[PDB]
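What follows is a single chain, given as structure tokens, in the form deposited in one PDB entry.
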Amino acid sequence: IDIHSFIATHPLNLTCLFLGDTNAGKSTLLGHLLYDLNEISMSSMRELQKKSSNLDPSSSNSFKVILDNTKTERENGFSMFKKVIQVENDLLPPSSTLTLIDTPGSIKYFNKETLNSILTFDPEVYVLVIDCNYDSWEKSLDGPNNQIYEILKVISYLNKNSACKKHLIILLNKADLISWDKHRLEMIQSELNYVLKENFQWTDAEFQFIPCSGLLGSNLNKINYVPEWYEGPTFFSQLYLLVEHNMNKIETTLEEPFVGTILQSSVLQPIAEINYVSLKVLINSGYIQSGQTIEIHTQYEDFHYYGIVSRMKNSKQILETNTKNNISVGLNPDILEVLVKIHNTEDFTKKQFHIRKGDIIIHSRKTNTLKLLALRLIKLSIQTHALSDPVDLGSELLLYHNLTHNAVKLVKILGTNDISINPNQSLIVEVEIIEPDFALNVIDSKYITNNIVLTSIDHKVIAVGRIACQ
């Protein structure tokens, strides 16, 4: 196989991450978009609807149940886990893929997954979904620490001074509940536009507003109606352009060292002298091909495993896909099932694998080698902005990095004798892991971002930054 040629025939991907409070209409809208993009067969729908007969009458609808596909989510009536859907069809630009990602707005689960989804997937586009119904909009803006502002406190400040520019779509959803109240939609747009510009430093070219109804599908593409006074674009038309302009992008895949994030892990049973581990892997950079030797580094201090890639398949997705056929090569940013073969050195019943979410996988460096750090004392290059109360030294914080979030202690504010972090500062800071026998896996490379977010124990954003390896 050419290998070099496989990278060429690979379609260029755009990732869209959906964010917003619970009941914003995210799951409904995203499922509806998938239907409009002909990713759901009428038969598939009705089979979903034949199951939905349970819900007549009910609050739920036919579109959200597409994404809320776990039994616990259907019973609870809201999303709990992030859903990743990769779309590739004739409605998109040729040689491209559109990755859509649903996230939970329910705060308990928002804190568990949504913040990490931003760091892990590193999306080109954010989609903020807002319920514009009467009273709902007003109730969702209590103080400077409301959930919507918390979202903006992250995505507004990630990768400042970056070459590639930011892209934000604000969806003014449930427009039908207000009958497209022109004065009200104008108000909400006015208010957000101000806060985005004045407080979060967004520029006109970096964001736009789109009123819509995910349930009715109004203004998603191409009483459902778009008022005569609306001159703006549809949601999908804008996604289409973003994908198109993302085509003209530099691909350094060949120069990139292979790095993967383990999203899920399962050891095949019964265990034996040689064991086989099934991994759901998000490729962060470079490329992986079956047969290659690899290293699996765990969150547990040290404790790395050597193995070989036995086979690779497409990840089990919400949309109907082929999980039977093997894949020759895995390329950034696709997600693959990876079966890893691992020889145990000693007794195999005493020693057992401790592979978990957030663990990483790289190509083998067994004897320009890839630099890898296992850090308990972590140096952070951060920048603060609006801050209610300064953060004094010795404070307990939560360090979000890639897929993991760990409690840390603030131990040193470098460059100054100050004993507290203050508003609007660019600081260098050291934090120390609290959890015993735990170490943060950090890859030192020009190709890896290592973005972080510091929050309080109450999950309120304090700062954004990067791991300072040097």
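In this text, rigid core is short for the largest set of C-alphas that superpose within 1.5 Å between two forms. Residue indices: 1-based, along the sequence shown.
- Per the record, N161 and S162 are directly connected, with no deposited-sequence residue omitted between them.
- According to the record, 10 or more deposited residues between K222 and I223 are left without atomic coordinates.
- As the entry records it, the average C-alpha temperature factor is higher for 351-359, out of 144-152 and 351-359.
- Set 409-417 against 60-68 and average the Cα temperature factors; 409-417 ends up higher.
- If you compare the C-alpha temperature factors of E198, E191, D102, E320 in the entry, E320 comes out highest.
- Set against one another, the Cα B-factors of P123, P270, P390, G260 in the record reach their highest point at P390.
- For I308, the recorded CA B-factor ranks within the middle third of the chain. Only modelled residues enter the ranking.
- Compared with the other modelled residues of the chain, the Cα B-factor recorded for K324 ranks in the highest third.
- Split the chain's modelled residues into thirds by C-alpha temperature factor. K371 is in the highest one.
- Compared with the other modelled residues of the chain, the Cα B-factor recorded for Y300 ranks in the highest third.
- When all modelled residues of the chain are sorted by CA temperature factor, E231 is found within the highest third.
Below: the form deposited in another entry, not depicted.
- Only one entry in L37, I433, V65, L55 has its C-alpha moved by 2 angstroms or more between the shown form and the other one when the rigid core is superposed, and that entry is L55.
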